[PDB]
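Visitor: Next input, structure requested:
(4 chains)
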Amino acid sequence: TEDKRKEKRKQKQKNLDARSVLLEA
Amino acid sequence: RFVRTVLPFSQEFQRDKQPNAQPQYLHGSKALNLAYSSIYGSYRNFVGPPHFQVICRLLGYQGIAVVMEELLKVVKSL
Amino acid sequence: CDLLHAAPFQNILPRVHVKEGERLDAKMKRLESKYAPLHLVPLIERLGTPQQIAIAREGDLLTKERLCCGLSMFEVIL
Amino acid sequence: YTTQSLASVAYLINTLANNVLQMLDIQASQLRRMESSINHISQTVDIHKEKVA
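Guide: Numbers count the residues shown, from 1 in each chain, chains lettered A, B, ... in the order given. You can find the structure just below:
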């Protein structure tokens, strides 16, 4: 999980109102 | 058909854009998600008979009644 | 649209073409015979339980009685 | 004693199996009647909710 999480970041970095009472409810 | 007003009268409010789930929980695949979002792209630029048709079904008699009753209250208030 | 699809199970028939030597009343009764096996409430009244009959009778009343039949709303709104 | 034993075991199994099958047949038909009963309640609730609407 951590290896893939820090591989997505590796690729991402080296790339780029008072009118109706119903409203209150 | 209804269409959006001009820029200076456009009353914007921030929308909490949902986090994207897996394709299986939507239309099935990325390809299908893209295909269907294109299909329904046509309907975003106006409100008309198709929108009203859908609203009618989904609300039923009870939803329509409460919306009408509440619209009356908005009008009374204004 | 709902009522149009209800029609065959509710005995409701459209006007039929009458060739010379035939009567309007003669063929309409004869066509009523053809679609009698589709007449829902009478069939259940014939072969169903008191519980089935009562539910069908209530269901039939809800299906036939719609707003478009003789009621309108916009006048009341105004 | 062998023959007697074989006959006894077969009998007691046959009897108990038949009873189990009867129990499952009864339970099946119980659920069949209950579904029918639940369905009618559901229809009755549907009707009511529409009437309110």
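Visitor: Now do the contacts for residue B:62.
Guide: D:52-53 (Cβ atoms under 8 Å, 6 or more residues apart in numbering or on different chains). The C-beta positions use only the backbone N, C-alpha and C, and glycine is treated the same way.
Visitor: Excluding covalently adjacent residues, which one is nearest to the spatially most central residue of chain C?
Guide: By Cα atoms, centre = their mean, chain C has its centre lying nearest to residue C:10, at 2.2 Å. Counting by Cβ to Cβ, 6 or more residues apart in numbering or on different chains, residue C:10 lies nearest to residue C:64, which is 6.2 Å off, once chain neighbours are set aside.
Visitor: Spell out which residues of chain B are next to chain D.
Guide: Residues of chain B lying near chain D by Cβ under 8 Å from any Cβ of the partner chain: B:60-62, B:65.
Visitor: re the thing from before, wait, the residue nearest to the centre of chain C sits on residue C:65?
Guide: No. Checked against Cβ atoms under 8 Å, the pair residue C:10 and residue C:65 is beyond contact range at 11.3 Å.
Visitor: returning to that earlier point: what's the closest of the residues of chain B next to chain D to chain C?
Guide: Nearest to chain C, judged by Cβ to the nearest Cβ, of those is residue B:61 at 8.4 Å.
Visitor: Isn't the closest one up against residue D:53?
Guide: Yes. With contact defined as Cβ under 8 Å, residue B:61 and residue D:53 form a contacting pair (4.1 Å).
Visitor: which residues sit in contact with residue B:11?
Guide: Contacts of residue B:11 (Cβ under 8 Å, 6+ apart): none.
Visitor: Please, which helix or strand holds it?
Guide: Under DSSP states H and E, no helix or strand contains residue B:11.
Visitor: tell me the phi and psi of it?
Guide: In terms of degrees, to the nearest 10, the main-chain angles of residue B:11 are phi -90, psi 100.
Visitor: and if you look at the one 3 residues further on?
Guide: Backbone geometry at residue B:14, expressed as degrees, to the nearest 10, gives phi -60, psi 130.
Visitor: got the contact list for stretch B:19-27?
Guide: By Cβ under 8 Å, 6+ apart, stretch B:19-27 touches B:29-30, B:32-33, B:35-36.
Visitor: which one is the residue of chain B at minimum distance from chain A nearest to, not counting chain neighbours?
Guide: Nearest to chain A in chain B, going by Cβ to the nearest Cβ, is residue B:77, at a distance of 3.6 Å. In space, and not counting its chain neighbours, residue B:77 is closest to residue A:19: 3.6 Å by Cβ to Cβ, 6+ apart.
Visitor: So what's the residue count around that neighbour?
Guide: 13 (other Cβ atoms under 10 Å in any protein chain shown).
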